[PDB]
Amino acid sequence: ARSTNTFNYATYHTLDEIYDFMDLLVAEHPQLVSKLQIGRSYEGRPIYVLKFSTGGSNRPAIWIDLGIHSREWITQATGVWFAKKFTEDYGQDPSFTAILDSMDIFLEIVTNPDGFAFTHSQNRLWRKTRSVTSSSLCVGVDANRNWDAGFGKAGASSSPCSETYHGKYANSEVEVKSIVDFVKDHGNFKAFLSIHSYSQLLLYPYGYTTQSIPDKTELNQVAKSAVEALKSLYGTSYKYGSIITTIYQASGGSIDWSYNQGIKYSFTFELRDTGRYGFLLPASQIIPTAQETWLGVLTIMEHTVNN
């Protein structure tokens, strides 16, 4: 694809194709999108974040990370679609235009690039990072159990060979630390959304503790509205609630960390399919999944701009 207009949004792509997509979008929309490198993965690959901004100096922002778990392909595919959609709707959709005229959006399409490359090369269902450490044959850490929020507590594994291994210590994975450093340095994020795949859930803060967040009433209603918006398109039904009460106790998670940094609108999406295809979601569902998910994300952003 020599243009984001020739890019096939209805098919799954490789890391190279997505990184190329990034430069095309920036070239095509220079006054709106820029590519930031926030670090290097364990295997030295650049970690890229697309910044959508219409100006200002460190305006209130919205963070959206996708693909932290490499095998959740629908998320990177949705991230690419999101990127294009932002450039299409700014100046077209009144609501989204209003958001971008006052806030910035930071989009990380491939949060775990080493694992992503690996899902294309050796193992389609690989989910962890590709870090190697100390004395252990096994490789990789579950980057979404590596954050400094109840790190190492029940809801994560201490075995390096486990699919839910949390890592040696909090923020040990550069893919996670890079985000932590960027967000802390920025200091003005109002929303933090982490996109994952399958189970069709919209969850809010704390998977590591049964303690209820101070903003439970509001986040719960925002979630309810977001799920209804998402559903209005194709009838896809999502369940919502706090992580621990909806799926199970899970520690070292990204939104528990962001919420604890004071980022109020922290939510995690588990995208399409309830098990029919699971992680192997057909490419024919990429666009429909992205479209409906966008409605839910926009709903959250709208509550962020006026709150």
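Note that residue numbering follows the sequence shown and begins at 1.
Student: Given the B-factors recorded for C-alpha atoms, which segment has the greater mean, 203 to 211 or 75 to 83?
Tutor: The deposited B-factors put 203 to 211 ahead on the C-alpha mean.
Student: Can you tell me which stretch has the higher mean Cα B-factor, 179 to 187 or 133 to 141?
Tutor: Per the deposited B-factors, the answer is 133 to 141.
Student: Determine which member of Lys231, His166, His196, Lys128 has the highest CA B-factor, using the values in the deposited entry.
Tutor: Among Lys231, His166, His196, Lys128, the highest C-alpha B-factor in the entry belongs to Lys231.
Student: Can you tell me which of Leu219, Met103, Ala226, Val110 has the highest Cα temperature factor in the record?
Tutor: When the deposited C-alpha B-factors of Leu219, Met103, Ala226, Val110 are compared, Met103 is largest.
Student: Lowest, middle or highest third: where is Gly262 by C-alpha B factor in its chain?
Tutor: Middle third - that is where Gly262 ends up once the chain's C-alpha B-factors are sorted.
Student: Quick one: classify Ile255 as lowest, middle or highest third of the chain based on its Cα B-factor.
Tutor: Within its chain, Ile255 is a lowest-third residue by C-alpha B-factor, going by the deposited values.
Student: Would you mind ranking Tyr248 by its C-alpha B-factor against the rest of the chain and naming the third, lowest, middle or highest?
Tutor: Top third by C-alpha B-factor.
Student: Looking at the C-alpha B-factor of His69, is it in the lowest, middle or highest third of its chain?
Tutor: Ranked within chain, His69 CA B lands in the lowest tercile.
Student: Which third of the chain does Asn146 land in by C-alpha B-factor: lowest, middle or highest?
Tutor: For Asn146, the deposited C-alpha B-factor lands in the lowest third.
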